[PDB]
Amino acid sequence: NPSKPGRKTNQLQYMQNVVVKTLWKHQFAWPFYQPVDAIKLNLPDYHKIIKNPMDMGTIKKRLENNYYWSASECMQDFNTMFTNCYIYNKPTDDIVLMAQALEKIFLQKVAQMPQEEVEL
């Protein structure tokens, strides 16, 4: 949980208008649009193994509602989303390749992000 009320910042606007937008448009992003539905997907022990679920739809909603105080918290949510995927799933699963491809784009956009955070 954040330690301060959220803000609008140059870095958070970049996460919303560059990072989320570029990831969402790829045809392999769809498994990350919504929380993992472990009932419909019949995923045994998903919530026993994954204690902090996260998805890109939740991240997008948090950005639009100014939930985050800093883009560092948003980047951690993306990291949680990818790490959960690798922890729960099997090496040869389709989902792992899809996460790897999205995570590479995520890191590329983080490398290109403005390095200081200023409130808007």
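The term rigid core refers to the most C-alpha atoms you can superpose between the two forms while keeping them within 1.5 Å. Residue numbers here begin at 1 and follow the sequence given.
Novice: Rigid core fitted first, then name the stretch among 41-49 and 60-68 whose C-alphas deviate most from the displayed form in 7 other deposited structures of this protein.
Specialist: With the rigid core fitted, 41-49 is the stretch that strays more in 7 other deposited structures of this protein.
Novice: Consider 14-22 and 107-115 separately and indicate which one has Cα atoms farther, on average, from the shown form in 7 other deposited structures of this protein after rigid core alignment.
Specialist: The stretch that sits farther from the shown form in 7 other deposited structures of this protein is 107-115.
Novice: What stretch has the higher average Cα B-factor here, 43-51 or 86-94?
Specialist: Comparing 43-51 with 86-94, the higher mean C-alpha B-factor belongs to 43-51.
Novice: Going by the B-factors listed in the PDB entry, is the mean over the C-alpha atoms higher for 28-36 or for 59-67?
Specialist: That would be 59-67.
Novice: Test of reading the entry: by CA B factor among the chain's modelled residues, which third contains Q112?
Specialist: CA B-factor rank for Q112: lowest third.
Novice: If you rank the chain by CA B-factor, which third does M75 end up in: lowest, middle or highest?
Specialist: Highest third of the chain for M75's C-alpha B-factor.
Novice: Taking the C-alpha B-factors as the PDB entry records them, is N17 in the lowest, middle or highest third of its chain?
Specialist: Middle third of the chain for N17's C-alpha B-factor.
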